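Notes to accompany the following structure.
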Amino acid sequence: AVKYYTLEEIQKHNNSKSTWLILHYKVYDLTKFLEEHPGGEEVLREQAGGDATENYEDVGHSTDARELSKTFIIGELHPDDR
Ligand code: HEM
């Protein structure tokens with residue numbers, strides 16, 4: 001099965017308690033990854049609650065980074081909001 005979230009509910013996860021963001025229509029919960037991110041947490045918090053696909057691809061993450069990102073996927077963006 002697959003869980004779908006709307007932009008409306010995703011935007012609510014941008015506080016000290018929860019940090020979600022969208023990348024290529026997938027929703028990631030990076031709450032616990034903020035302090036481990038080699039790129040720092042400020043760059044993630046700034047994109048929280050929205051689509052950060054361009055900024056993500058702009059930096060050109062390595063293969064290993066993309067493999068690791070999969071562990072943080074909690075669902076996908078609802079088809080109606082794409
Ligand atoms: C999906 C979660 C993400 C994972 C697993 C992740 C992982 C990493 C890793 C492992 C690196 C080290 C370099 C590399 O291997 O490419 C890195 C660097 C970096 N990340 Fe991320 N990242 C994520 C999302 C993002 C997002 C959304 C942004 C910005 C909007 C971002 C901005 C950066 C920057 C600026 C660097 C440093 C690049 C440099 O020093 O040249 N990352 N990230």
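Simple scheme: letters A, B, ... for chains in structure tokens order, numbers from 1 for residues in each chain, numbers from 1 for ligands in the order shown.
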Expected selection as a PyMOL selection string for ligand 1 within 12 Å, only C-alpha atoms and all ligand atoms:
chain A and resi 19-74
Please return, as a PyMOL selection string, all residues of segment 19-74 of chain A that DSSP assigns to strand (DSSP E) on the basis of the backbone.
chain A and resi 20-23+26-29+73-74
In Å, how far is it from atom CA of residue 4 of chain A to atom CA of residue 80 of chain A?
10.0 Å
Two-atom distance - atom CA of residue 78 of chain A, atom CA of residue 18 of chain A (Å)
19.7 Å
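For residue 6 of chain A, the residues within 8 Å (counting only C-alpha atoms, excluding itself and residues fewer than 2 positions away along the chain) are residues 4, 8, 9, 10, 77, 78 and 81 of chain A.
Residues of chain A carrying a DSSP assignment of helix (DSSP H, G or I), computed from the backbone, are residues 7, 8, 9, 10, 42, 43, 44, 45, 53, 54, 55, 56, 57, 58, 59, 63, 64, 65, 66, 67, 68, 69, 70, 71, 72, 79, 80 and 81 of chain A.
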Take the residues from that selection and put them in a file with C-alpha atoms, as a PDB file, in the first residue's frame.
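Generated output (out_2.pdb):
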ATOM      1  CA  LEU A   7       0.420  19.860   0.293  1.00  0.00           C
ATOM      2  CA  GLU A   8      -1.869  21.284   2.972  1.00  0.00           C
ATOM      3  CA  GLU A   9      -0.917  18.695   5.578  1.00  0.00           C
ATOM      4  CA  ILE A  10       2.753  18.605   4.579  1.00  0.00           C
ATOM      5  CA  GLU A  42      19.836  25.152   8.240  1.00  0.00           C
ATOM      6  CA  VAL A  43      19.549  24.158   4.587  1.00  0.00           C
ATOM      7  CA  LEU A  44      16.912  21.537   5.433  1.00  0.00           C
ATOM      8  CA  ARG A  45      14.836  23.623   7.835  1.00  0.00           C
ATOM      9  CA  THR A  53      13.498  18.953  -5.367  1.00  0.00           C
ATOM     10  CA  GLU A  54      15.313  21.639  -7.378  1.00  0.00           C
ATOM     11  CA  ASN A  55      17.623  22.699  -4.550  1.00  0.00           C
ATOM     12  CA  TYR A  56      18.292  19.031  -3.869  1.00  0.00           C
ATOM     13  CA  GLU A  57      19.250  18.249  -7.459  1.00  0.00           C
ATOM     14  CA  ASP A  58      21.064  21.575  -7.733  1.00  0.00           C
ATOM     15  CA  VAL A  59      23.666  20.386  -5.226  1.00  0.00           C
ATOM     16  CA  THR A  63      24.666   7.860  -5.137  1.00  0.00           C
ATOM     17  CA  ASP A  64      25.136   6.929  -1.492  1.00  0.00           C
ATOM     18  CA  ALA A  65      23.172   9.975  -0.330  1.00  0.00           C
ATOM     19  CA  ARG A  66      20.254   9.023  -2.568  1.00  0.00           C
ATOM     20  CA  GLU A  67      20.328   5.431  -1.341  1.00  0.00           C
ATOM     21  CA  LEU A  68      20.194   6.698   2.227  1.00  0.00           C
ATOM     22  CA  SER A  69      17.342   9.123   1.536  1.00  0.00           C
ATOM     23  CA  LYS A  70      15.035   6.193   0.867  1.00  0.00           C
ATOM     24  CA  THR A  71      15.027   5.263   4.551  1.00  0.00           C
ATOM     25  CA  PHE A  72      13.231   8.542   5.353  1.00  0.00           C
ATOM     26  CA  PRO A  79      -1.954  12.846  -7.164  1.00  0.00           C
ATOM     27  CA  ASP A  80      -4.399  15.768  -7.059  1.00  0.00           C
ATOM     28  CA  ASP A  81      -1.703  18.175  -5.837  1.00  0.00           C
TER      29      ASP A  81
END
